[PDB]
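K.L.:
What follows is a structure written as structure tokens; I'll ask about it next.
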Amino acid sequence: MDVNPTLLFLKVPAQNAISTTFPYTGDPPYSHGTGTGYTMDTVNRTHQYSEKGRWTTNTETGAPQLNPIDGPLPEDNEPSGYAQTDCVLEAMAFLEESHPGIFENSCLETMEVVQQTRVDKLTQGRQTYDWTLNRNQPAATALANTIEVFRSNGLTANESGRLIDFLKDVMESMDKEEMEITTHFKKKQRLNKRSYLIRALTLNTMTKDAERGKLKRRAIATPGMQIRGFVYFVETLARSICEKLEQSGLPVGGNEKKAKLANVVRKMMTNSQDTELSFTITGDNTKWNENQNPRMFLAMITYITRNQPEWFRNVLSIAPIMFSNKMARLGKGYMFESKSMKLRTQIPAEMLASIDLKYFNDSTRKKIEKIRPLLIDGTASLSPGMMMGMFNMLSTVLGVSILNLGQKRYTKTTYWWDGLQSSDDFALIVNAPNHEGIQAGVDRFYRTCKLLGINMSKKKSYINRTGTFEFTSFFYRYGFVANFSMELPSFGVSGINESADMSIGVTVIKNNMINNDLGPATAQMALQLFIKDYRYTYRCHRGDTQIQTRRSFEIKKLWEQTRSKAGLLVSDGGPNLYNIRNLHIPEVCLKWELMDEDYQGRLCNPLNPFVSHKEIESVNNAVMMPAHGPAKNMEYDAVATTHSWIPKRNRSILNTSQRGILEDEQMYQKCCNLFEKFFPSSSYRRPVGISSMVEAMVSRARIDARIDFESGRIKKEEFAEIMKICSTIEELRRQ
Amino acid sequence: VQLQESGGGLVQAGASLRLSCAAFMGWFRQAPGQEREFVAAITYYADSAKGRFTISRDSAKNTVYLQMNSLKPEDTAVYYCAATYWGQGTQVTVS
Amino acid sequence: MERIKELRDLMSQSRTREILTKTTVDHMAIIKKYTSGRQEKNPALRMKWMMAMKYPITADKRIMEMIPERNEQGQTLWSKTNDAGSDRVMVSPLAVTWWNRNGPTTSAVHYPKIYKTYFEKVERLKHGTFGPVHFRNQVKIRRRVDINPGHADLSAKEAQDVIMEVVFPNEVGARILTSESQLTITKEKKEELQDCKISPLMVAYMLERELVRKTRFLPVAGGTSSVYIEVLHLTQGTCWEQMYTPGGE
Amino acid sequence: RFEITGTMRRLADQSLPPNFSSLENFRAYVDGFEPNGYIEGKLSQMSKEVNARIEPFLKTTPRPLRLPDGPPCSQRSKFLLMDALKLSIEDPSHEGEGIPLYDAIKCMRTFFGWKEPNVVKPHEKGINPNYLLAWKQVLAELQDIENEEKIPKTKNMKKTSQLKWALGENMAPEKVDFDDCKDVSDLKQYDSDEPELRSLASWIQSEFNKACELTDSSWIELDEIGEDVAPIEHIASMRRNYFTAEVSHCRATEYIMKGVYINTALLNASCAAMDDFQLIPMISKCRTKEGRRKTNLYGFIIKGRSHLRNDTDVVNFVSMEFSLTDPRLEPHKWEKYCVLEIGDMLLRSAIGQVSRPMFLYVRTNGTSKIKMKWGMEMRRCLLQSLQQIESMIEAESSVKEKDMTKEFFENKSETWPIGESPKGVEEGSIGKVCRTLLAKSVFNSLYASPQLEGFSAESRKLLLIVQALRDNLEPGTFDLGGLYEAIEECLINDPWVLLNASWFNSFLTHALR
RNA sequence: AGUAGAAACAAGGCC
RNA sequence: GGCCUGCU
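Residue numbers (this note's numbering), protein chains in the order written: chain A, 1 to 735; chain B, 736 to 830; chain C, 831 to 1079; chain D, 1080 to 1592.
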């Protein structure tokens, strides 16, 4: 007899055992080298899906741009980006009519937010492409570098501390004859108008790793800092709009998505009488981002912001204006090998414009030949369409408009449709009195989608009777069925620290028990395995064992020293008291009454040199990138113990010409620590104002010395010493 | 905690018997003319049964065993298993 | 005394003097987050990879003057080589366990008073009474429920001023809290935590967690109470219901 | 005031539809625009070939997935799974308890019958004498440790030319600048093409078959948990004990422990001894039916230079494992192995005593930080499998208002289709389903690859379509040929994915009736 | 050689 | 031969 697990589906329905079809117990695919090939392929594919448009050359950037809008209507089922302006404007108008007051309200709240938003909001972001160094750097670092360059060039309106003022300075920089940047190898280099325009309109391309569910790798993009404020405002407007649309599912979580899917299916099927047939289409959109033209987003926003202050319209329109002229950096480059001479070489992507094509294979040779005409200063113009879901929410708005355009008031026919859209994925429930009606409805829905630059993937889509469908790895079969294979990768040690890892693991087990219908015995097994892996990872074994490690000696002496050994934490080699009933309690508090007072005091000592807290945002928040989803943050319950240390940093900056960044880091951190000691609320509430550091610090020294004498340790001798030391630092700052 | 005793019956004097209880554990007995008598617990044994009888347990099978040897007519009782919960008892008759 | 003294020492050197002079208060946050350290994409892989090194964690410089450089057999506990972009020094994990067996001891009696939420959870569970498990299909319907069982009927911003006035009374600014509920909360949490020396930031964070109301969407069947939702994993399942009554009731 | 002016205004004039000249004019047009049935006009004018016609999906529609043809598929695992041999000592130590080298030496001294090693099956691409010399070097240095005072916790080996070749040392081309190497004709890109095509072989099927079989040992010693206080906790503990009794005596659990231990040791050695080659004996500790604890030594691993910077950087090692399976019967499964003859073994059998040969499978393999990390988390296969089984049990128990675990595991009345025999489809008890799912998860973790992910997704789609067909839900497709081509492009050379495709074809053949 | 698979590793750089 | 780094 030959064993075959798949035959199990002959008795258990597919959805009731779908977890077996998710090989999420092995290493996910990773990219190894350059992503330049993928970037070039994506650029060429985006440009050839809109080949029948019209070509122009921008007078500012001098780059060739392709406009397919209002182009010839498609005559085949292949992907097409020839969106029609009038059709999309009409779709938005019908969306407004079905939801009166949506645009005006959303614009009002967006106007409030834009005129009260601060610059620091831009620091709350992941890697961004700093143009000062032409590389990806943390959002805060890139923002600081750009602000420094602007201030050195004379653009100091951002000193007002307002994001709108920062954007005003950004736009004013566009009209400058010559800017100056700094490079280390420090050298001051001058950038002319066109070079700075291209550096501000460019995107950095990388390869996406840890992407499960496809054989081929893809490319993703990261924009600069000049354009992120406009993107933030536009996405704020789009989120405020989608929050008023029940057909959208992008700005919500997973459980809300499931609830809305259940509600829509029940509404569609229940209202349908015996005569009407119902069919569900589990649709995926092929080349979703490559076929969405930024000009059409400009049209949608300018229709949304009608009868609004002109400044609001301008600030919200700046973003799509820059995306329509966006450029993409090709990537890291290409690495060549010569086996005859036994050597390797790494050529940067910027040489692709001039480098001969003898080194490249046929596929890459043709890709380079096709993309060369669009190469301007080492970057390729990508006007026709978006690169990687930067305007997720606006795309969801367009999809929701398409979904609502079939409310049976615009169809003008017996058939009708509804459903749920989340960018690149949708479920469409279509009802009609007969199979011919369903066919006509789906055909018209597809045709209308093709008029908006949205394509339906026929290969990854199928239609059945309502009651069974899929949506973003959520399988609905007369009710959503748990999978538990999507969350399997999150059952190990997170990698934050000991206490954080313990709390995160127990909380993940608890949550997957609540949401993903994890069984009790399975949860106990998960707890046991997690504890085993945790002890084997942090070298913290039970203590009563003879497992020799680098940490087994101190742990054993602590074990033999303690009297009530049941109170020792698993991190210190103690027994595990966790169970299904204790999954919502931190380890420290669960073992508090069992700890010896000496060990308890040594553990939770504020003066410990290991605990370090930076800001209110990073107290008990851990960023865990979930499998098959975007990066997410979790609140984990933990007590600040000596085990809450933060791990070592990379330390490879020491071998790079960018070595002075560490000295600047140290000096900035010293100044920030001094300010915090002067202003204790610096972390919890970020200080605001327009004065400089030393003014506030010296003046508060004055006052605090005064009052702490009026009652406290200070003495006249010390108070006068502080006053004249303040005068000394004053005259020092003078010179 | 539900408990089922097995392994009782009619036996010869001087014979041997292995009681088992499928489920801390005790074995207790009740003769027809009396209340509960302590036998063994898990180890400790009563004076009337010490050296003759052995209590053991498998915590992976969830079972407590009472191995009775060199049985006397005075061991004739219903033998009940108990968890710190009562079984229904298994009849042991020695003759 | 000291604080202004390292201030003067910083202003002595030209670079830090320039940083202090030209940098305005508003930019405080930016430069504080200014770092070359990228946020890790795969934390688990490197935590499993770094812990195999010697000196894998980081600690303040003060550790060099509280913990000896080596233990009894000579296993090193800390190194004097500083981190990449900080004055902290890289140290071995043993320096943690050492601190828990011979490090300085204090009076942790006030931690229960600080971490009110977690200890209240423990107390509620310790006095709970379980019941029989009933096996029947559960119709889990998704609903919006409040998870925090100690929220004082305050929002984030609404309680943020209360938290500042409780911890940072001088940086409150214009705001003087009007609602009398906030008055009593300030009085209680002021007299209760009058000398607690854990940290201002952690105290503020835990006060925010305790007082601020927070809500999330979850699949529930029955219950719906704040105390009954924290144990939602233990009382409700796919085909079984476990009757439970927390210690509070 | 937020005024668009200067260069940024001109950019706004170049981001409009084709027939617009200025942002002012376009905004005026938008403000003056009102819906006047424009979608209908273009829908009528648009060509009718733009359609989404639904193709009915019937029993006769789906065709079997085509498998690639070529040379048979080879073995890719980092250790022997079906052909492993165990040398034991019967010590009382626990899994992590003990010192590796002393345990390995003590286990190896338990076997008598060593012979001078000789080549049996060559690597066919390497230098087998290097493997022979490496084996003899390992033996010599093991004796060298045996002689001295106290067995070191970790040993470093000498860097002889033998292991320099076997571990691929000083073979990475030296990195230079392009401006200095441009006239070299041979200079070109790295080889970037579709992998070699290979056809499925019957050995993977038998390997999976015997990976789901019971054993005479318990290969899982679970940790401690808080004493159960609630009745639901008691039910959970009883269920967990049942599953542990079912799966502990399973070759899948032994493979899990082998992989976890090997990858943990390899990662720790790579992170600690980055420069110098290190010896690590393959150790796994089990418990016999009698209850006596026992250690088992499959062989040795020599880790090489492991200066791993990126998550994809490769650390090369050489693995040696004892076995009794003659490699002269399925040579195509051992394309990358070099197999020597090292001794003779005598296992008690009623046919006098066999006195079988005892060979050494030696090969050069490699891994990476990501692969090591994911192979050291193989214990979540237990989770996956037993979560599936517990979901089955809960779903069935929601029907009958009572816990149904005990009768499922003891009565064994209900059975699920878990394989096909030439007679027909064979059904097994719930425990066999547990073991089968555990083996499937273990093989997913062992033979993981992008092909597996792609095939899994594109075949789950077709499985859902087929399930809809079997449920009488009138399924339909827009382009089924496209889906088939998407599935068939994932099957290239991986034995596991090809076996999964064969299983899918068999399921289609048995289904659709 | 080997790992791996649309490009890489099989140490890097600095003296 | 000596020293530096391992997500920059």
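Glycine residues also receive a C-beta, built at the ideal position from the N, C-alpha and C atoms.
Roughly how many angstroms separate the alpha carbons of A/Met667 and C/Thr911, rounded to a whole number?
P.N.:
Approximately 18 Å, taken between the alpha carbons.
K.L.:
If you draw a straight line from the alpha carbon of A/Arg447 to that of C/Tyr945, how long is it in whole angstroms?
P.N.:
Straight-line Cα distance between these residues: approximately 59 Å.
K.L.:
Bridge partners for residue 877 of chain B per DSSP, in chain order?
P.N.:
This structure does not reach residue 877 of chain B, given that chain B is present from 736 up to 830, and the question cannot be answered.
K.L.:
Using a Cβ-Cβ cut-off of 8 Å, state whether D/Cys1460 counts as contacting chain C.
P.N.:
No, no contact with chain C.
K.L.:
Is C/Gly915 close to chain A, meaning its C-beta is less than 8 Å from at least one C-beta of that chain?
P.N.:
At least one chain A Cβ lies under 8 Å of C/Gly915.
K.L.:
Can you name the residues of chain A whose CB is closer than 9 Å to the CB of C/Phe949?
P.N.:
Simply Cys589 and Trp592.
K.L.:
Is there a Cβ from chain C that is less than 8 Å from the Cβ of D/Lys1232?
P.N.:
No, no contact with chain C.
K.L.:
Which one of C/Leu837, C/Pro873, C/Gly1077 and C/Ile860 has the shortest CA to CA distance from A/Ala139?
P.N.:
Comparing Cα positions, the closest option is C/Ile860.
K.L.:
Given this structure, state the Cα-to-Cα distance separating A/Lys258 from A/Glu470, to the nearest angstrom.
P.N.:
Taking the straight line from one Cα to the other gives about 11 Å.
K.L.:
In terms of DSSP beta bridges, what is A/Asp356 paired with?
P.N.:
According to DSSP, which records beta bridges pairwise, A/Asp356 is partnered with nothing at all.
K.L.:
Which word fits C/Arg1005, buried or exposed, when buried means at least 16 other C-beta atoms lie within 10 angstroms of its C-beta?
P.N.:
With fewer than 16 other Cβ atoms within 10 Å, it is exposed.
K.L.:
Could you tell me if B/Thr819 is buried or exposed, where buried requires 16 or more neighbouring beta carbons within 10 angstroms of its beta carbon?
P.N.:
Under this definition B/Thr819 is an exposed residue.
K.L.:
Please list the terminal residues of the continuous alpha helix (DSSP H) segment that includes D/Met1336.
P.N.:
Element bounds for D/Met1336: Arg1330 to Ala1351.
K.L.:
Roughly how many angstroms separate the alpha carbons of residue 801 of chain A and A/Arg651, rounded to a whole number?
P.N.:
Residue numbering for chain A in the displayed model covers 1 to 735; residue 801 of chain A lies beyond these limits and cannot be assessed.
K.L.:
For D/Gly1445, which residues from the same chain have a beta carbon less than 6 Å from its beta carbon, with the 5 sequence-adjacent residues on both sides left out?
P.N.:
Only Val1393 and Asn1395 meet the Cβ criterion.
K.L.:
In chain C, what lies closer than 8 Å to A/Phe336 by C-beta?
P.N.:
Correct list: empty, because the minimum Cβ distance to chain C is about 28 Å.
K.L.:
Against chain C, does A/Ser692 count as a neighbour if the rule is that its beta carbon must be under 8 Å from one of theirs?
P.N.:
So, interface residue.
K.L.:
In the structure shown, what three-state DSSP assignment does A/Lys677 receive?
P.N.:
Of the three classes helix, strand and coil, the one that applies to A/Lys677 here is helix, per DSSP.
K.L.:
Whole beta strand (DSSP E) runs in the segment 648 to 694 of chain A with 3 or more residues, listed along the chain?
P.N.:
Whole beta strand (DSSP E) segments, 3+ residues: zero.
K.L.:
Answer with buried or exposed for D/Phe1401, where buried requires no fewer than 16 other C-beta atoms within 10 angstroms of its C-beta.
P.N.:
Buried.
K.L.:
Could you name the residues of chain A that D/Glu1473 contacts, counting a contact when the two beta carbons are closer than 7 Å?
P.N.:
Correct list: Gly519.
K.L.:
So that I know if they touch, is there some Cβ in chain C lying closer than 8 Å to that of D/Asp1392?
P.N.:
No, because no Cβ of chain C sits closer than 8 Å to the Cβ of D/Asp1392.
K.L.:
Reducing DSSP to helix, strand and coil, say where B/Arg787 ends up.
P.N.:
Looking at B/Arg787 - three-state DSSP - the assignment turns out to be coil, as it is neither helix nor strand.
K.L.:
Closest to C/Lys871 by C-alpha separation, out of A/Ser503, A/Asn515 and A/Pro630, would be which residue?
P.N.:
It is A/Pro630 whose Cα lies nearest to the Cα of C/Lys871.
K.L.:
Quick one: what does DSSP say A/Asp533 is sitting in, helix, strand or coil?
P.N.:
If DSSP states are grouped into helix, strand and coil, A/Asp533 belongs with the helices.
K.L.:
Is it the case that the segment 1427 to 1434 of chain D contacts the segment 1202 to 1211 of chain D, given that we only count it when at least three CB pairs across the two stretches are under 8 Å?
P.N.:
Contact between the segment 1202 to 1211 of chain D and the segment 1427 to 1434 of chain D is absent, because fewer than three Cβ pairs lie under 8 Å.
K.L.:
For A/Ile725 and C/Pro1030, what's the separation of their Cα atoms in angstroms?
P.N.:
Distance between the alpha carbons of A/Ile725 and C/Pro1030: 28 Å.
K.L.:
Can the beta-carbon of C/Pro934 be found closer than 8 Å to that of A/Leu607?
P.N.:
Yes, the Cβ-Cβ distance between C/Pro934 and A/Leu607 is below 8 Å.
K.L.:
Would you verify that the beta carbon of A/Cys87 is, or is not, closer than 8 Å to some beta carbon of chain D?
P.N.:
So yes, A/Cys87 belongs to the interface.
K.L.:
Using 8 Å as the limit for Cβ to Cβ distance, is D/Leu1346 near chain C?
P.N.:
Answer yes: the Cβ-Cβ gap between D/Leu1346 and chain C drops below 8 Å somewhere.
K.L.:
Is there a C-beta anywhere in chain D that falls below 8 Å from the one on A/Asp120?
P.N.:
No, A/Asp120 does not count as interfacial toward chain D.
K.L.:
So A/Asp130 is in the beta strand (DSSP E); what residue range does that whole segment cover?
P.N.:
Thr128 to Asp130 is the extent of the beta strand (DSSP E) around A/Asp130.
K.L.:
With a CB to CB cut of under 7 Å and the five nearest residues on each side skipped, what residues in its chain are close to D/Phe1583?
P.N.:
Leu1144 and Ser1538.
K.L.:
Between A/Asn650 and chain C, is any beta-carbon pair separated by less than 8 Å?
P.N.:
A/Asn650 counts as touching chain C.
K.L.:
Taking the beta carbon of A/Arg551 as the centre, do at least 16 other beta carbons fall within 10 Å, making it buried, or is it exposed?
P.N.:
So A/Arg551 counts as buried.
K.L.:
Helix, strand or coil, according to DSSP, for B/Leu801 in the structure here?
P.N.:
Reduced to three states, the DSSP call for B/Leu801 is strand.
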